[PDB]
Amino acid sequence: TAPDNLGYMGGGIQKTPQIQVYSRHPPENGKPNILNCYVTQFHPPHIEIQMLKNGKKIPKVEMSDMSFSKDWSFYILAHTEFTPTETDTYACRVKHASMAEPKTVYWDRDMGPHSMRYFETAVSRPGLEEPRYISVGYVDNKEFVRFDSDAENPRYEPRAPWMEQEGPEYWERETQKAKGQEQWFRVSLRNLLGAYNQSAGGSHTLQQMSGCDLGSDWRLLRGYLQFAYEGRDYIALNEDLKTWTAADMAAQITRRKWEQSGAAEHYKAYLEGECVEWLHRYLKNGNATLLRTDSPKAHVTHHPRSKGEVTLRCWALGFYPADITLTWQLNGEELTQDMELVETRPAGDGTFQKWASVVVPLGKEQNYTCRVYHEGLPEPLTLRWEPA
Ligand SMILES: *[C@@H]1O[C@H](CO)[C@@H](O)[C@H](O)[C@H]1NC(C)=O
Ligand SMILES: *[C@@H]1O[C@H](CO)[C@@H](O)[C@H](O)[C@H]1NC(C)=O
């Protein structure tokens with residue numbers, strides 16, 4: 001169930017994408033596969049991504065829908081069917097305002113327990129009175145509804161199959177709230193443009209995160225309600241659900257207005273009331289799919305580098321949910337950030353992939369162990385380089 005904001009924001013900077021290109025399955029020449037280009041941590045959300053086979057645009061490339069992470073940054077997965085061979089090369093090319101020129105990345109084949117969230121975004125459009133407004137609802141970090149003002153018939157739509165259980169009055173009620181949010185983001189965007197002495201020629205973004213965490217007994221643990229302007233923290237409701245934290249001077253004015261009108265009480269009532277009750281219903285209705293876990297399959301690869309050193313890479317593949325911890329230790333003693341990680345990445349089939357590497361001296365590989373922590377496991381894994 002989505003929130004309905006009340007008072008508006010008061011009135012009167014980019015992030016470079018990180019790009020991984022990687023196959024879903026371990027590549028074998030002649031064997032069909034999927035190539036992924038996962039683009040994360042960028043802002044603003046407008047981005048152009050192309051996949052290229054031998055320098056030519058690949059015609060059928062799937063793109064995920066606009067999404068952002070808890071740090072406000074946007075991410076996208078593009079992917080395509082492909083059959084690796086010895087001589088074909090593949091790349092992902094990304095154009096984004098943070099970069100003067102498009103960036104081409106070549107595929108280097110050789111390398112509480114429950115929650116609901118509504119992640120909402122409004123992007124102002126230089127010549128149009130109305131921004132684009134997208135809202136994405138999540139249940140246990142799995143997308144379950146989505147609204148996008150750019151659709152031909154904008155409505156909340158089910159994004160998890162079990163949401164077929166809601167009748168028409170549900171979609172209508174939720175859609176009407178999305179329309180109210182659209183108007184609110186529009187007003188706030190305009191107020192913010194004056195609050196910061198900006199001109200309308202530009203594009204600007206306002207984002208919201210709202211929802212609730214529950215314990216394993218399904219009792220409320222914490223509610224959340226926070227906003228970002230231009231991808232930067234603006235104001236957040238504190239954990240008491242009564243007081244606000246303002247990130248800067250503009251946001252303090254808003255905080256003062258909202259304390260005077262008691263806005264926190266309205267959001268408090270939503271977070272502790274409908275947010276919880278509707279999450280209960282969604283937990284029950286989506287029972288069959290929300291319990292699923294996939295244990296990581298882990299192994300260590302061995303990469304001799306210059307000098308007498310080696311890189312050990314500890315891989316975890318095939319796992320769900322995406323939360324995982326990979327650590328390297330030396331004789332049971334863990335290394336305080338000596339190691340190279342990679343952002344966890346979707347394989348595209350519902351599981352995820354991650355690795356972590358350390359540089360060690362040749363001959364001393366057996367002193368190092370990798371440990372994998374994941375809730376799908378019966379217990380944490382311990383592994384080490386295993387030669388032939
Ligand atoms: C979820 O499904 C399992 C397996 O059928 C069932 O035993 C359990 O009681 C269900 N729980 C809820 C909350 O629906
Ligand atoms: C590293 O492994 C070797 C060979 O198994 C072992 O003898 C040695 O004690 C280990 N080094 C340390 C510092 O524990």
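Both backbone and side-chain heavy atoms feed into the values below; hydrogens, waters and symmetry mates do not. Index from 1, following the sequence.
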**OP:** Measure centre to centre between the rings of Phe144 and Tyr138, then say whether the value is under 6.0 Å.
**Re:** no

Original post:
Does atom NZ of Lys284 have more than 12 heavy-atom neighbours, drawn from other residues, nucleotides or ligands, at distances under 6.0 Å?
Top reply: no

Original post:
So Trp244 and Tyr267, side-chain contact (heavy atoms from CB on, under 4.5 Å) or not? Walk me through it.
Top reply: CA-CA 12 Å; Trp244 303 91; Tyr267 298 105; 3.9 Å; yes

Original post:
Among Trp184, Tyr234, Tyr8, whose ring-ring contact (aromatic ring centres under 6.0 Å, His included) with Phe227 holds?
Top reply: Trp184

**OP:** State whether a side-chain donor-acceptor pair under 3.5 Å links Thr327 with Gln329.
**Re:** yes

Subject >> Residues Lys177, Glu174: salt bridge by 4.0 Å N-O rule >> reply: yes

**OP:** Sorted by first residue and then second, give each disulfide (SG to SG under 2.5 Å) pair with at least one member in residues 217-311; sequence neighbours left out.
**Re:** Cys212-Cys275

Subject >> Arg24, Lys60, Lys31 screened by salt bridge (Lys or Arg N to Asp or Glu O under 4.0 Å) with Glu81, the one that passes >> reply: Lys60

Subject >> Electrostatic pair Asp213-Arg117, nearest N-O below 4.0 angstrom >> reply: yes

Original post:
Is a salt bridge present between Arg93 and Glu48, judged by a nitrogen-to-oxygen distance below 4.0 Å?
Top reply: no

**OP:** May I ask you to say whether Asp248 pairs ionically with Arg255, meaning some side-chain N is under 4.0 Å from a carboxylate O?
**Re:** no

Original post:
Under 3.5 Å, is there a donor-acceptor pair between the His114 and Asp140 side chains?
Top reply: yes

Original post:
Is it the case that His204 and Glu230 place a side-chain donor and acceptor less than 3.5 Å from each other?
Top reply: yes

**OP:** Please go through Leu383's hydrophobic cluster and name the other residues, only I, L, V, M, F, W, Y counting, with side-chain heavy atoms under 4.5 Å joining them.
**Re:** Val300, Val310, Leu312, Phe319, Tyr320, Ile324, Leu326, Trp328, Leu330, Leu335, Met339, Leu341, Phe352, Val358, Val360, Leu362, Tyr368, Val372, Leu377, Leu381, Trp385

Original post:
Are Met163 and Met116 joined in one hydrophobic group, where the rule is that I, L, V, M, F, W and Y side chains link up if heavy atoms are under 4.5 Å apart?
Top reply: yes

Original post:
Looking only at side chains, do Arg146 and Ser67 share a donor and an acceptor under 3.5 Å apart?
Top reply: yes

Original post:
Is there a path of hydrophobic side-chain contacts, each under 4.5 Å between heavy atoms of I, L, V, M, F, W or Y residues, that connects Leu35 with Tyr106?
Top reply: no

Subject >> Qualifying side-chain hydrogen bond (donor to acceptor under 3.5 Å, both in side chains) pairs with a residue from residues 354-363, counting only residues at least two apart or across chains >> reply: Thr344-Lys354

Subject >> Note: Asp240-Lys268 ion pair, threshold 4.0 Å (strictly below) >> reply: no

Original post:
Which is it for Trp72 and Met209 under the side-chain contact (heavy atoms from CB on, under 4.5 Å) test, yes or no, and what are the steps along the way?
Top reply: CA-CA 9 Å; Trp72 304 114; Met209 290 191 289; 3.6 Å; yes

